[PDB]
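Side-chain atoms are counted along with the backbone in the values below, which use heavy atoms only and exclude waters and symmetry mates. Lettering follows sequence order; numbering is per chain, from 1.
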Protein chains: 4
Amino acid sequence: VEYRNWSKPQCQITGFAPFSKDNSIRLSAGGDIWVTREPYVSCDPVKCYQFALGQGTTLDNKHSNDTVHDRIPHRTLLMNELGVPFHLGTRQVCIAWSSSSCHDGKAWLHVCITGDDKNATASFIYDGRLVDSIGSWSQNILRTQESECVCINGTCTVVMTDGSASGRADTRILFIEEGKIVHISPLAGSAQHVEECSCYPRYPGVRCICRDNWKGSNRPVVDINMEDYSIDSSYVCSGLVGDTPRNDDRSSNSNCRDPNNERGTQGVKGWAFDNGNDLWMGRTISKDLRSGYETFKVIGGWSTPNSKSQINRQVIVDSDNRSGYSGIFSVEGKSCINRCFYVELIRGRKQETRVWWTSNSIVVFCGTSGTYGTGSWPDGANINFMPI
Amino acid sequence: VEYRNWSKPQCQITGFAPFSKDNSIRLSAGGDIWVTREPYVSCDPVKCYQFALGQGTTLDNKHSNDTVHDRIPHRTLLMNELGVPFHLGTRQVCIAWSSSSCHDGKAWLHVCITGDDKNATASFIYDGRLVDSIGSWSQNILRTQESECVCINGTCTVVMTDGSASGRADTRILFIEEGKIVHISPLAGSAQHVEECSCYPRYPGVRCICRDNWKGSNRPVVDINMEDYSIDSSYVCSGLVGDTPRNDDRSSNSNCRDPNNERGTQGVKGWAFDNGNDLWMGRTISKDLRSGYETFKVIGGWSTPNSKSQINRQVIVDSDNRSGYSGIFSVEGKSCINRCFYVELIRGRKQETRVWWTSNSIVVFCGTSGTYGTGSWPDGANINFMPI
Amino acid sequence: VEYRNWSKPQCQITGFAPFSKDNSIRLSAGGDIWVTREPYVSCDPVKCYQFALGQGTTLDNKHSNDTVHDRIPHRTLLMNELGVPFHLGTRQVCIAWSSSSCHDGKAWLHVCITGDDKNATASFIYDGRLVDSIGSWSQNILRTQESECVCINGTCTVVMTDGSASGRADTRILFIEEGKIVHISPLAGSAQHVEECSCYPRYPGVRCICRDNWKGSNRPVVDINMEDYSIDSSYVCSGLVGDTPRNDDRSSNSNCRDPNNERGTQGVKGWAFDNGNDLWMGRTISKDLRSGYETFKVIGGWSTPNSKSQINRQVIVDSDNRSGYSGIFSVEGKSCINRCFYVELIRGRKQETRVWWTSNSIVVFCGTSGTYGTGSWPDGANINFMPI
Amino acid sequence: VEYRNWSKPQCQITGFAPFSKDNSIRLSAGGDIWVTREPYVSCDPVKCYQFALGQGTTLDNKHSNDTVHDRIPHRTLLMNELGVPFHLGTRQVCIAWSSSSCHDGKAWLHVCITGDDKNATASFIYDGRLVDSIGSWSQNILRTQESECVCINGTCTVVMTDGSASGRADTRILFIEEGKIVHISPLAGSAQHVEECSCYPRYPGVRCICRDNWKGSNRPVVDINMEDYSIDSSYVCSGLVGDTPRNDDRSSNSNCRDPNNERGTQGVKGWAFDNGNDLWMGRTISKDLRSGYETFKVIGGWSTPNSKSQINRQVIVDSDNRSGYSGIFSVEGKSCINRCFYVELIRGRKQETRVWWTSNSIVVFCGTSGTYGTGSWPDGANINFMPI
Ligand SMILES: *[C@@H]1O[C@H](CO[C@H]2O[C@H](CO)[C@@H](O)[C@H](O)[C@@H]2O)[C@@H](O[C@@H]2O[C@H](CO)[C@@H](O[C@@H]3O[C@H](CO)[C@@H](O)[C@H](O[C@H]4O[C@H](CO)[C@@H](O)[C@H](O)[C@@H]4O[C@H]4O[C@H](CO)[C@@H](O)[C@H](O)[C@@H]4O)[C@@H]3O)[C@H](O)[C@H]2NC(C)=O)[C@H](O)[C@H]1NC(C)=O
Ligand SMILES: *[C@@H]1O[C@H](CO[C@H]2O[C@H](CO)[C@@H](O)[C@H](O)[C@@H]2O)[C@@H](O[C@@H]2O[C@H](CO)[C@@H](O[C@@H]3O[C@H](CO)[C@@H](O)[C@H](O[C@H]4O[C@H](CO)[C@@H](O)[C@H](O)[C@@H]4O[C@H]4O[C@H](CO)[C@@H](O)[C@H](O)[C@@H]4O)[C@@H]3O)[C@H](O)[C@H]2NC(C)=O)[C@H](O)[C@H]1NC(C)=O
Ligand SMILES: *[C@@H]1O[C@H](CO[C@H]2O[C@H](CO)[C@@H](O)[C@H](O)[C@@H]2O)[C@@H](O[C@@H]2O[C@H](CO)[C@@H](O[C@@H]3O[C@H](CO)[C@@H](O)[C@H](O[C@H]4O[C@H](CO)[C@@H](O)[C@H](O)[C@@H]4O[C@H]4O[C@H](CO)[C@@H](O)[C@H](O)[C@@H]4O)[C@@H]3O)[C@H](O)[C@H]2NC(C)=O)[C@H](O)[C@H]1NC(C)=O
Ligand SMILES: *[C@@H]1O[C@H](CO[C@H]2O[C@H](CO)[C@@H](O)[C@H](O)[C@@H]2O)[C@@H](O[C@@H]2O[C@H](CO)[C@@H](O[C@@H]3O[C@H](CO)[C@@H](O)[C@H](O[C@H]4O[C@H](CO)[C@@H](O)[C@H](O)[C@@H]4O[C@H]4O[C@H](CO)[C@@H](O)[C@H](O)[C@@H]4O)[C@@H]3O)[C@H](O)[C@H]2NC(C)=O)[C@H](O)[C@H]1NC(C)=O
Ligand SMILES: *[C@@H]1O[C@H](CO)[C@@H](O[C@@H]2O[C@H](CO)[C@@H](O)[C@H](O)[C@H]2NC(C)=O)[C@H](O)[C@H]1NC(C)=O
Ligand SMILES: *[C@@H]1O[C@H](CO)[C@@H](O[C@@H]2O[C@H](CO)[C@@H](O)[C@H](O)[C@H]2NC(C)=O)[C@H](O)[C@H]1NC(C)=O
Ligand SMILES: *[C@@H]1O[C@H](CO)[C@@H](O[C@@H]2O[C@H](CO)[C@@H](O)[C@H](O)[C@H]2NC(C)=O)[C@H](O)[C@H]1NC(C)=O
Ligand SMILES: *[C@@H]1O[C@H](CO)[C@@H](O[C@@H]2O[C@H](CO)[C@@H](O)[C@H](O)[C@H]2NC(C)=O)[C@H](O)[C@H]1NC(C)=O
Ligand SMILES: CC(=O)Nc1ccc(C(=O)O)cc1NC(=O)CO
Ligand SMILES: CC(=O)Nc1ccc(C(=O)O)cc1NC(=O)CO
Ligand SMILES: CC(=O)Nc1ccc(C(=O)O)cc1NC(=O)CO
Ligand SMILES: CC(=O)Nc1ccc(C(=O)O)cc1NC(=O)CO
Ligand SMILES: [Ca+2]
Ligand SMILES: [Ca+2]
Ligand SMILES: [Ca+2]
Ligand SMILES: [Ca+2]
């Protein structure tokens with residue numbers, strides 16, 4: 001085998017077509033299915049798998065009550081082939097309440113994180129074995145992407161943070177090269193608060209549209225140069241803007257340079273990608289809550305400040321139901337590296353209160369230069385038939 | 001590996017012998033088994049798998065109530081090795097309420113279809129990755145075979161339709177060549193309404209005995225020439241005729257040229273194949289309802305109008321119980337390409353009303369030049385022990 | 001790969017050591033486990049698997065009531081790796097109420113039998129695909145071994161019968177050579193009623209200690225010469241004698257030539273093997289019922305009429321609980337072909353009546369030249385905790 | 001493939017980072033999970049698996065009542081990939097109430113033990129097939145490690161005992177070389193009662209920190225020279241001392257030469273390893289009960305009598321909950337052979353009495369030269385939500 005060096009032009013996509021869905025919640029009312037959160041999908045050259053931080057339990061387990069909590073010593077990273085639900089036969093690849101896996105092209109790398117918020121650790125399991133580790137620097141919930149890291153020629157770069165939800169955090173980018181961290185670079189550029197990045201190969205570099213829990217609705221962008229370990233950062237030019245909550249199309253702004261300070265203290269993991277001066281992106285159809293999810297093309301959104309010229313939209317999840325976290329994921333084509341996204345459909349506590357558990361099912365569309373109709377693929381679980 | 005080029009003489013079969021059965025419904029009253037419909041089986045050179053459009057749920061899930069509906073955003077294409085039921089560990093290969101998979105001889109192709117009836121899309125997932133897509137042309141339930149497409153030297157041909165259940169539809173045949181649609185040809189020949197075809201390799205071409213929901217009981221035939229992308233069509237010569245409902249042996253007819261207009265607005269996916277001037281075929285033992293299923297050889301049925309000279313019959317499913325959809329499937333032998341069929345044994349709503357769910361189990365016999373007894377292999381599930 | 005030609009001296013065993021056990025019944029009261037019967041184990045060069053004719057249902061399924069019946073259209077041949085129970089994820093390799101599988105050394109052969117007792121068929125699935133078939137000759141429950149057939153250089157020989165439980169049957173031996181039956185030879189020798197043979201390689205031939213439901217307690221022996229397709233037959237010389245029911249050690253006899261007519265109309269699948277003039281063998285500890293199971297070495301038992309000189313006995317299953325069918329199975333060693341056996345531990349109806357189901361779990365010891373203690377490994381399921 | 005010859009310098013570890021956890025008990029209240037005990041993990045060059053002696057049942061099976069008993073004919077050795085719970089789809093690799101598996105570098109070896117305490121046997125299944133066996137020598141619960149044996153160049157050494165819990169036992173070390181026992185050597189050195197050893201490669205030899213149920217809290221050490229089949233033994237120099245029960249840090253002692261006779265009649269499987277004159281080790285945080293588990297580095301602990309100079313400690317399992325057995329396990333790195341440990345988290349009868357079952361879940365950290373925070377990863381199962 002050789003390493004993934006991703007040297008192929010990004011495909012010229014026309015929009016998004018359907019790819020996977022697992023009905024996990026639907027099945028949960030009639031099968032021993034896990035109770036996960038903050039999911040994502042990644043693929044090795046031959047096939048894809050779906051990741052998710054389970055709650056160390058099943059929906060029918062009374063151990064589901066209080067599944068809202070974000071970090072318990074029992075959150076383990078599950079890993080199935082893309083399309084097969086998290087049934088008792090699922091492998092818990094490692095202990096972690098926050099993660100990121102990528103496949104250098106020879107084996108898998110799994111940034112797994114557990115422990116006290118104040119003082120947590122991060123295990124770097126590569127090729128099944130624990131190659132290195134690192135500990136909490138700012139002694140405050142050392143976290144990472146909750147999406148897949150990316151590798152180019154042997155080095156895989158994961159951007160992690162440790163600092164303060166709504167406040168100045170110490171974000172840095174590790175260059176774990178085959179399990180062992182070969183270098184660490186503090187965040188450069190303008191960005192004011194990088195959280196849970198959605199990264200993707202941009203030969204010869206890596207680009208990340210992230211989050212910003214501090215004071216921006218417009219998405220942060222963290223560019224890592226693979227050549228010299230450098231870093232740069234900014235924000236998306238898009239005027240539409242995509243985080244949640246956010247202001248609203250008419251009254252939202254961004255200048256690619258600073259946090260817009262428009263309902264900013266807030267967030268949800270999102271994604272996006274350039275293409276010429278344009279920006280393929282997607283956000284919740286709702287601007288206050290995580291309901292529904294749309295995607296569209298903002299002509300100019302990449303290179304021109306506050307552009308609100310939208311186009312090619314699509315309802316992935318109708319507005320009348322829940323959405324959630326969202327990341328990106330690439331797949332090498334025979335001629336070009338395609339772009340794909342997934343959607344976390346969360347159900348349970350806080351929003352819906354009939355139940356005492358909080359799990360989620362996924363949905364994944366993929367770039368396509370072909371044609372396509374219209375639809376809305378929600379979770380589908382009747383909360384009234386659900387356990388608890 | 002090389003591609004399947006199917007250049008082998010079709011075996012000279014004597015009848016049909018037993019091959020698989022999964023008791024899915026039987027097991028459903030005592031196990032987390034899925035709730036599928038419109039099943040089929042296909043095989044790559046080494047082994048076979050069984051497909052089925054599940055209802056994004058299990059029989060015990062209250063989410064089973066109303067499983068009668070044909071298309072919900074939750075229907076995903078399941079895929080197991082031939083013989084292992086759709087238990088929670090089954091992979092949902094893609095989102096689709098209508099499909100067709102084939103294996104060019106190097107990897108699998110999966111025509112998956114979801115979305116609004118009015119405007120649906122069709123994803124062409126090949127080798128795990130989404131290679132292309134196409135959208136609804138007549139803006140009316142873009143559908144396909146619900147059986148396996150066939151490939152010769154690299155090009156795989158699936159015939160799809162989009163138009164009007166009982167009325168003129170726009171049927172066309174795509175030539176997806178390794179995920180990407182390399183050509184599309186509108187239906188030629190006489191045929192008046194091709195629906196859910198059962199196709200099979202007929203080196204150097206592909207032949208399809210399909211359905212006809214408009215005005216025929218006799219089965220349509222769609223021949224695709226692989227050489228020039230052409231098309232031709234007609235109807236089976238058989239006087240016995242095999243759709244449902246249909247008239248009845250004595251009073252049924254066909255002339256290989258036009259819809260017989262004998263209870264025609266009606267249908268069920270069926271299959272058949274030539275052999276000299278003869279026609280191996282199978283239909284429900286009942287001519288009004290889908291109960292039971294028989295097979296036999298009509299001497300002349302292929303090349304001579306309205307032939308009712310039957311022979312070599314066999315009861316696969318006794319008349320006293322349910323049958324359903326049915327397709328064909330080929331398997332390369334060491335010297336000849338064998339012919340095989342499967343039977344959808346449906347249970348649940350509308351017909352049986354004790355329950356509120358509608359699932360099905362399969363049965364599959366395969367051509368054989370050997371000897372064989374007689375039997376009847378139904379579903380076997382006691383509807384009185386069944387959930388709901 | 002090459003074929004198994006078994007040219008190695010049989011190991012010089014000292015007795016039997018433990019190998020597998022699946023606790024299937026025990027697990028059945030707390031898991032979706034199948035309801036099988038007439039089990040057996042076989043191995044391909046690399047590993048072993050365990051076979052069993054399930055009842056097309058689980059113990060918790062109400063579909064378990066009446067699982068006593070021997071042949072229903074729903075009995076399918078299950079196949080797991082040696083040691084993993086028949087859980088919903090088990091593959092139903094084919095439809096069959098009587099079978100025999102062997103592995104020529106390149107792929108598997110599965111003699112599967114279903115259909116009407118009067119007129120049943122026998123599918124010969126080889127390398128996943130149906131290669132041939134044969135139909136019922138004496139129009140009376142065409143059956144076979146319920147153990148593994150054996151192959152030498154490409155030809156695999158299964159001995160089947162069709163005739164009359166307690167009466168003259170037409171037993172014959174097929175020489176299915178890679179799926180296709182290359183020859184059939186009627187039973188020769190003295191034997192008066194061969195039923196469900198336990199066969200084993202005896203380079204360059206195959207030997208079978210079978211059953212005799214007609215008028216013998218002493219076991220039949222069917223030798224097949226691979227060289228010329230011939231056959232020969234007789235009975236074991238052993239005076240101890242091992243079928244059930246049988247007379248009793250003191251008053252039991254045999255002369256290697258004729259049925260002893262000592263409680264003969266009766267049977268249970270058993271096994272045994274030579275070694276010089278001696279005979280390794282095993283029978284139920286009880287001589288009327290199937291309770292318990294023992295093994296021992298009869299010095300002379302092979303070559304000398306009515307020898308009752310026993311030695312090296314062992315209680316595999318203590319007398320206070322159920323046993324059942326039993327077959328043999330070989331395994332190639334690095335220097336010699338080892339001999340192994342398995343024991344069907346049946347539970348359920350007729351004998352135990354608290355329940356309405358009849359399933360079984362297995363136990364398997366294997367030859368050993370080493371040392372070993374003593375024990376008793378029964379089923380272990382508390383019938384009072386069991387479903388129904 | 002080649003054999004594992006382990007010729008690499010042991011890594012220079014800084015402490016322990018998280019690796020796996022299976023939440024088995026947590027899942028048991030909502031899934032068909034097995035009821036095991038005395039677990040362990042081992043890895044072949046490519047990946048790891050987790051072993052455990054199940055109780056031939058599930059927690060929901062009424063067959064769980066009385067799962068406290070240590071040896072029943074139904075205890076079978078389960079084997080899953082590291083991270084996937086013991087769900088019905090788990091393979092019972094053999095019959096055994098005491099075991100040890102290792103992988104010579106070409107295939108697996110499984111020392112499985114069952115039978116009467118008085119007269120038990122030990123099957124040596126290698127490469128799937130039973131290669132040899134041995135019987136009970138002192139006719140008293142022939143037992144072994146309950147951890148993984150180790151192999152160097154083709155010979156795998158397991159140290160077994162048979163004798164008297166609290167009294168002089170006959171411990172010996174077998175040198176099973178590819179299934180067949182090529183030599184046996186009685187225990188040499190000073191050690192007074194070796195029980196369930198935790199062994200590890202120390203090129204060109206093997207070292208074992210074991211137990212001592214007789215009259216020591218300080219751990220026994222059994223060194224096996226691979227070169228000449230010799231043996232040597234002693235006790236750890238550490239003054240901290242790690243068994244349970246034990247005296248207490250201030251008042252505990254050891255001189256590397258004799259049993260300390262400090263609460264000695266007692267035990268629990270533990271582990272430890274040298275590093276220069278130092279000793280990496282771990283024990284329960286409690287000195288009377290098995291609650292909690294800690295690890296630390298005793299500077300000098302290896303080469304200097306009664307050293308109590310501790311350092312680098314860590315709470316793996318907080319003191320407020322249960323721990324249990326513990327073994328070691330090695331993993332070859334790209335440059336050095338890393339050291340790892342696992343912790344048996346037991347739940348059920350005797351200690352906790354709300355329930356009638358006694359199962360356990362595991363936790364596994366692995367050596368690391370990196371950094372790491374602090375945490376406590378217990379079982380997590382709310383005994384009040386648990387079955388029975
Ligand atoms: C491909 O296919 C699309 C499908 O797009 C998406 O449509 C779904 C529904 O919106 C969405 O959830 C799914 O995920 C698809 O991706 C084709 O067009 C689209 O489909 C429908 C119908 O054309 C549009 O749906 C809207 O939402 C309501 C529910 O479906 C519907 O009621 C809305 O219509 C109201 O306005 C119409 C005129 O537009 C009017 O006739 C009615 O009055 C109607 O009723 C409301 O209005 C009144 C009060 O305000 C009262 O009558 C009554 O109380 C009621 O509340 C609306 O139609 C969807 O927006 C539409 N267009 C698009 C661009 O998606 C599309 O043909 C094709 N396009 C592409 C690019 O492939
Ligand atoms: C191989 O084996 C076949 C098996 O073929 C199929 O038979 C099953 C039953 O029909 C079918 O479900 C299964 O799937 C097999 O594939 C051998 O022959 C066949 O088997 C039976 C018996 O010979 C035939 O079955 C028919 O269906 C009824 C249920 O089994 C049965 O009652 C029918 O018989 C009535 O007529 C007979 C004479 O034919 C007469 O003796 C009785 O009176 C009987 O009773 C009814 O009639 C009266 C009122 O009308 C009253 O007595 C009473 O009220 C009752 O209702 C009939 O026998 C099946 O048709 C038959 N033939 C064939 C060609 O399949 C076959 O030997 C062999 N063939 C081949 C090609 O391999
Ligand atoms: C290896 O290990 C064997 C184990 O062999 C098998 O023993 C188990 C029990 O029989 C069997 O189920 C398991 O599968 C093993 O494979 C060692 O020896 C064997 O073990 C026991 C004890 O030595 C023998 O068991 C017999 O069965 C009864 C239950 O265990 C037991 O009660 C019987 O003993 C009666 O007789 C003894 C003297 O023999 C006497 O002291 C008592 O009185 C006892 O009690 C009954 O008798 C009276 C009324 O008749 C009353 O006292 C009271 O009411 C009660 O009913 C008997 O001991 C087993 O037979 C024995 N021998 C053998 C050769 O297996 C063996 O050491 C070693 N051998 C080898 C070849 O490896
Ligand atoms: C990396 O991160 C460690 C984490 O180490 C371990 O800490 C967990 C809790 O002990 C453990 O279960 C987990 O597995 C970790 O591996 C960082 O430091 C450690 O964390 C905490 C806080 O610093 C320490 O925990 C102790 O245990 C109690 C529960 O957490 C806590 O209440 C204890 O504190 C009592 O003393 C403090 C001063 O120490 C005082 O402020 C309070 O009064 C407090 O309250 C009790 O005392 C009074 C009565 O006696 C009353 O106030 C009241 O009734 C109450 O009972 C204590 O803090 C843990 O020991 C600590 N240190 C270490 C070295 O682990 C560490 O920063 C970093 N280290 C490394 C090497 O990476
Ligand atoms: C990126 O990876 C590809 C695959 O390793 C490299 O291209 C291959 O190697 C040589 C030199 O380019 C050619 O003969 C092959 O035909 C190439 N493979 C294919 C599929 O075209 C490529 O050089 C790598 N490096 C860069 C910088 O792109
Ligand atoms: C159809 O496929 C077969 C397999 O690729 C082709 O035949 C093989 O290739 C060469 C030329 O025919 C022969 O030496 C081999 O012996 C053939 N294989 C076998 C199993 O016979 C065949 O040419 C393909 N093309 C056509 C048009 O049939
Ligand atoms: C039985 O099978 C074995 C394996 O195919 C044959 O022996 C091998 O082939 C040649 C000729 O004997 C030797 O160089 C190899 O060393 C043999 N293999 C082994 C493992 O010894 C053997 O000839 C076959 N035929 C017969 C009649 O025994
Ligand atoms: C231990 O095992 C290794 C692997 O088999 C042996 O080293 C390899 O073999 C030759 C001779 O040493 C070298 O060319 C290879 O480069 C070695 N492999 C690696 C990865 O370095 C080694 O000799 C074995 N024996 C001993 C005593 O260490
Ligand atoms: C470790 C962890 O709590 N991850 C999260 C997951 C979801 C959410 C969320 O609110 O959906 C938040 C966090 N935490 C943060 O991002 C804090 O800035
Ligand atoms: C997509 C879809 O509804 N497929 C079907 C499946 C079964 C049936 C059926 O009636 O069994 C019908 C359809 N639809 C049509 O064929 C309409 O002409
Ligand atoms: C097909 C079938 O019934 N197999 C059997 C299995 C078990 C038994 C049994 O009685 O255990 C009997 C049979 N049948 C016969 O052997 C009749 O001679
Ligand atoms: C075979 C067996 O009983 N193994 C054990 C497991 C656990 C324990 C235990 O007490 O945790 C004890 C034993 N037995 C012994 O070690 C006797 O010295
Ligand atoms: Ca924000
Ligand atoms: Ca019609
Ligand atoms: Ca008899
Ligand atoms: Ca002790």
Side-chain angles (χ1 to χ4, degrees), chain B residues 14-33 43 45-48 80-90 314 317-318 331-335 338 340 361 363-382 384-386, chain C residues 31-35 54-65 71-79 87-96 107 112-137 139 142 178-181 387:
Chain B
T14 299
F16 294 111
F19 190 64
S20 301
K21 189 195 199 73
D22 58 63
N23 295 94
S24 181
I25 300 308
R26 278 181 66 111
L27 299 144
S28 293
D32 302 334
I33 307 300
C43 317
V46 322
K47 67 169 62 58
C48 300
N80 283 150
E81 196 166 338
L82 187 60
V84 3
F86 296 137
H87 61 93
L88 294 180
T90 312
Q314 292 189 250
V317 178
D318 66 280
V331 177
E332 192 157 11
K334 205 254 297 300
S335 56
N338 189 283
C340 302
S361 66
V363 173
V364 7
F365 280 47
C366 268
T368 175
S369 49
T371 327
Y372 53 84
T374 60
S376 150
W377 302 252
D379 179 76
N382 192 313
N384 305 90
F385 303 174
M386 304 304 297
Chain C
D32 302 334
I33 307 300
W34 274 97
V35 180
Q55 276 295 58
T57 188
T58 290
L59 274 85
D60 253 77
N61 278 84
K62 297 183 181 303
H63 289 193
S64 59
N65 181 1
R71 307 167 300 278
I72 68 172
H74 316 308
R75 300 185 62 79
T76 25
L77 172 62
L78 314 180
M79 170 183 189
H87 61 93
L88 294 180
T90 312
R91 161 168 57 113
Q92 326 201 217
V93 322
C94 63
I95 309 174
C112 304
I113 293 173
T114 29
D116 310 326
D117 314 341
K118 269 76 166 190
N119 192 23
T121 177
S123 293
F124 292 74
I125 294 70
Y126 175 82
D127 207 353
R129 56 193 58 91
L130 185 160
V131 186
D132 203 345
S133 53
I134 210 62
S136 179
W137 48 73
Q139 286 71 198
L142 177 67
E178 185 168 317
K180 211 68 176 168
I181 305 177

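Distance CD/C/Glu178 to NZ/B/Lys334: 4.0 Å, rounded to 0.5 Å. Atom NZ of residue C/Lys62 and atom CG of residue B/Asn382 lie 10.0 Å apart, to the nearest 0.5 angstrom. In this structure, the separation between NZ on B/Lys21 and NE2 on C/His74 is 5.5 Å, given to the nearest 0.5 Å. A distance of 11.0 Å separates NZ of C/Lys118 from OG1 of B/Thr374, quoted to the nearest 0.5 Å. Between the CZ atom of B/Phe365 and the CD1 atom of C/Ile95 there is a distance of 5.5 Å, given to the nearest 0.5 Å. Atom CG of residue C/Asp32 and atom CD1 of residue B/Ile33 lie 7.5 Å apart, to the nearest 0.5 angstrom.
Across all non-hydrogen atoms, the minimal contact from B/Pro85 to C/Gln92 is CG-OE1, 3.4 Å. Across all non-hydrogen atoms, the minimal contact from C/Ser133 to B/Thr371 is OG-O, 2.9 Å.
Of the listed residues B/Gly370, B/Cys43, B/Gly15, the one with more heavy-atom pairs under 4.5 angstrom with chain C than any other is B/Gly370. Most heavy-atom pairs under 4.5 Å with chain B: of the set C/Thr76, C/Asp60, C/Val93, C/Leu88, this distinction falls to C/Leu88. Residue with the most contacts toward chain B among C/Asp132, C/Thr58, C/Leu130: C/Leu130 (heavy-atom pairs, distance under 4.5 Å). Ranked by non-hydrogen atom pairs under 4.5 Å with chain C, the options B/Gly333, B/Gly83, B/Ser24 are led by B/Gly83. Ranking B/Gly31, B/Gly367, B/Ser28, B/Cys340 against chain C, the residue ahead of the rest is B/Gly31, based on heavy-atom pairs under 4.5 Å.
Residue B/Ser376 touches chain C through its backbone alone, counting heavy-atom pairs closer than 4.5 Å. No part of B/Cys48 comes within reach of chain C, as not one of its non-hydrogen atoms sits under 4.5 angstrom from that chain. When heavy atoms are compared at a cutoff of 4.5 Å, C/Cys94 approaches chain B by way of both its backbone and its side chain. For chain C, the nearby part of B/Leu82 is the backbone; its heavy atoms alone come within less than 4.5 Å. Contacts of C/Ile134 with chain B are made by both backbone and side-chain atoms, with heavy-atom separations under 4.5 Å. No part of C/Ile181 comes within reach of chain B, as not one of its non-hydrogen atoms sits under 4.5 angstrom from that chain. Within the 4.5 angstrom heavy-atom criterion, atoms from both the backbone and the side chain of C/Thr57 approach chain B. The contact between C/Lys180 and chain B is made entirely by side chain atoms (from C-beta outward), counting heavy-atom distances below 4.5 Å. In this structure, no portion of B/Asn384 lies under 4.5 Å from any heavy atom of chain C.
Using a distance-only test at 3.5 Å, with no hydrogens or angles considered, no donor-acceptor pair links the side chain of B/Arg26 to the main chain of C/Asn61. When atom types are taken as modelled, the side chain of C/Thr121 and the backbone of B/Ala17 share no donor-acceptor pair closer than 3.5 angstrom.
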